[PDB]
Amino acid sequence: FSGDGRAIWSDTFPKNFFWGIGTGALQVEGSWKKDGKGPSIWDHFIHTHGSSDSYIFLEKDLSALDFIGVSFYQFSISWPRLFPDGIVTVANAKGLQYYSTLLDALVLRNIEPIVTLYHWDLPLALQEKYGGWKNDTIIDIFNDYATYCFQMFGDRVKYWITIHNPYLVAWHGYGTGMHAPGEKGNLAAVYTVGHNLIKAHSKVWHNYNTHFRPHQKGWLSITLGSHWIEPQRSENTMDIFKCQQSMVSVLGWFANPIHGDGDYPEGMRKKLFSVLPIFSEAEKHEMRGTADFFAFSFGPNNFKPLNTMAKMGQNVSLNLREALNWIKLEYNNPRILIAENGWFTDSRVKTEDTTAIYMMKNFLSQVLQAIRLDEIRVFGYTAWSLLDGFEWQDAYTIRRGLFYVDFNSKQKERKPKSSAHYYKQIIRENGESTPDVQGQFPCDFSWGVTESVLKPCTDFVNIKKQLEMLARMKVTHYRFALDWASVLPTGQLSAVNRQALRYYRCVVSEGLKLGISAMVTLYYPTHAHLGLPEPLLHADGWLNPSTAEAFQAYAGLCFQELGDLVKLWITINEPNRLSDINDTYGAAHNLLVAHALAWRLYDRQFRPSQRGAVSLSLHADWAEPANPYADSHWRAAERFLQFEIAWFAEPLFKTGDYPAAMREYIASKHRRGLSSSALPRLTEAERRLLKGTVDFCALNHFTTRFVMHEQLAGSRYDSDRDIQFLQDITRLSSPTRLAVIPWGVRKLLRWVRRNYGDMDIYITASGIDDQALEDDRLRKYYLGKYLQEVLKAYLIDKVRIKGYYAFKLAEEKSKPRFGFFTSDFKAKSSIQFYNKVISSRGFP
């Protein structure tokens, strides 16, 4: 009932579900005057203010339907193509054959047709002589036209629609002057046209229900469009009451007289008491329930342009799940048919429609959510459109069809787009990873946590709080870094803060008590504190090769003073993430040389004395193409990994020079001028210094990006790899949009082993943020689902994985809540789920 839907604001589709795809007639057919066709209201509206040629290329459209394999195909009948004047006399000879041969082949192909009698292409004679929907004599003319199609087409058509979105016919045809006939600002004609459009449907329904439904046994309804709206405040009720009045004004306008009680909503009658026409109580009984089902439209026609709806100062939304929830509550749980759904793409997107995959992915995800979870009686879904066509006042500037059609080509070949392949698999499956592993980790596995820059034995206050945090965990290791600018403030070995080195020694010595073998990081840059000593940053920072020489002097200082207890060393922590901070390759050039000098200083002098291991931690985010149907994304998927992992790997692991794929691609951009930068070419000596300067592999893996292709402009680093990233609102994301994708680490641990031989691998940073501070359910799901994947690679792919370090042991007051402990160092529930996996050593 009306007014009840306001409470909405507070994985396989069912069998025998109707998968289909629909078009119009003015957008797709073309040939507006061939074979003695009458002029439509738009034909005069276009020529005063070809196309897809589907009227002649029907066999090419039949092949397109067999590709997707749809159960139904929604098309409208051009009223002036049968009767040029609208008066039912005798249909056109050639025009009748088109819809006859169309309905014949669809039944031959087991494609049940769904026909709409009016799709905004009204004959110009009824608009010129009578006046269109302003004069009410057309009500019995549309009923006459409906009778003709009920006779000669009713035997093959068992699903009929009267008007396709009558809200736009009145509001945009007589209010905004956007659609045909195009009259801006006519309050009278708007609600009068909306009146006749409701009365014309009821006459056609009672016609079919009493004169053709007995011997044809079909259905008839009306496609009503709407939008969705969210309040500017969840707690506010007036902001929610304003949303209820918004949906009523656009959806309840045509649904209450048809699906509700036979009259306009109470809010509409009260708002426009003297403008909205009156439904006699005799009319109310002859209109309530004139719909066998509830055809529904949810496309860009009720969202774009901005003047389409009245937002009442609230936020617009595209959530289809709650849109059907409002329909199921306001109209006594009907059986809905989404007769139109999908967004659009610009004309520049030929057949590489990447967003259309993820736009369709949300809707079907929300439709399935409505069916299986919200108990919405949806029995069908209509994709829109089947092929690109004339999109009304937008002309050919946008593309909404699932088949690309070159409008400048004479053959008009329908080439399937990226959404056609995705939608076909959606239909074939009627609705990427692996199950659980069930196995134990090795007893020599390094369970670790991780801190960050710890600015400065039990007398130290900050150590006591951190020492009480490493007691609840059963971690075997502890990863943290040192403030380079706090031991050598001058950046030279003359000034040695002996108090700061004594503080760090008391950290590890107190850790040696607790049994947590430490892993110290000499350098840890970020956006907050860059870390470089002030004289070094004053002297060009990392852009001067003397800073790398200053790192070796600082490295050996920590090696001698801390190598007694520390047996695991990390030089730089995520140096690949310095690009965000040609003028970056040279900076990373010194970051690579500084690592070697810090590693050669340990391998020769301090390795036999202390007997440890030294390496560096790299940003190890896995990548995958954003469109598995566009090849340019597959090649760019590895191009991201080469520009990220191999940038600091092939030198320090394998060859000694930069990755050739990264080195050769940058030159191709500079070849035609795109980049004014060049990757430095190394000599025999520098490559001989960097080669094999690691004792293991360390990775900073958090999530998985979806790279796609684009000719990025600029001479910066991001413009050198020609890559753009796509966020998927379907997949479970984090508060900071970290897409929780577990199967990315397995494909990464497999990529490292294949590329850089069989070495020991360590996961030095793996975590997730969550707004929760006491029951971080996202982290436990993130931790368990990710720890499930590293076990899969160990026991199946035989990857030498030996350590796992959770990202943050604690967080800051205004920092992203990435830690396992609160700002006040209170234990979240994530610690105890970690101990369950550490004590169990995996999942038995």
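Heads up: residue numbers just count along the shown sequence, starting at 1.
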Note to self: In terms of residues present in the deposited sequence but not modelled, what lies between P680 and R681: none, 1 to 3, 4 to 9, or 10 or more?
What the structure shows: none
Note to self: Between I581 and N582, how many residues of the deposited sequence have no coordinates in this entry: none, 1 to 3, 4 to 9, or 10 or more?
What the structure shows: 4 to 9
Notebook entry, point to check: Between 671-679 and 410-418, which has the higher average C-alpha B-factor in the PDB entry?
Noted result: 671-679
Next item on the list: Check the entry's C-alpha temperature factors for 622-630 and 350-358, then say which stretch has the higher mean.
Entry: 350-358
Check: When you compare the CA B-factors of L197, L773, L565, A649 as listed in the entry, which one comes out on top?
Finding: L565
Next item on the list: Could you tell me which one of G612, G744, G692, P300 shows the highest CA temperature factor in the PDB record?
Entry: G744
Check: Relative to the other modelled residues in the chain, which third contains the C-alpha temperature factor of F17: lowest, middle or highest?
Finding: middle
Next item on the list: Could you say whether, by C-alpha temperature factor, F390 belongs to the lowest, middle or highest third of its chain?
Entry: middle
Next item on the list: Determine, from the deposited record, the chain-internal third of the Cα B-factor for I8: lowest, middle or highest.
Entry: highest
Check: Looking at the C-alpha B-factor of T450, is it in the lowest, middle or highest third of its chain?
Finding: lowest
Notebook entry, point to check: Where does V461 sit by CA temperature factor within its chain: lowest, middle or highest third?
Noted result: highest
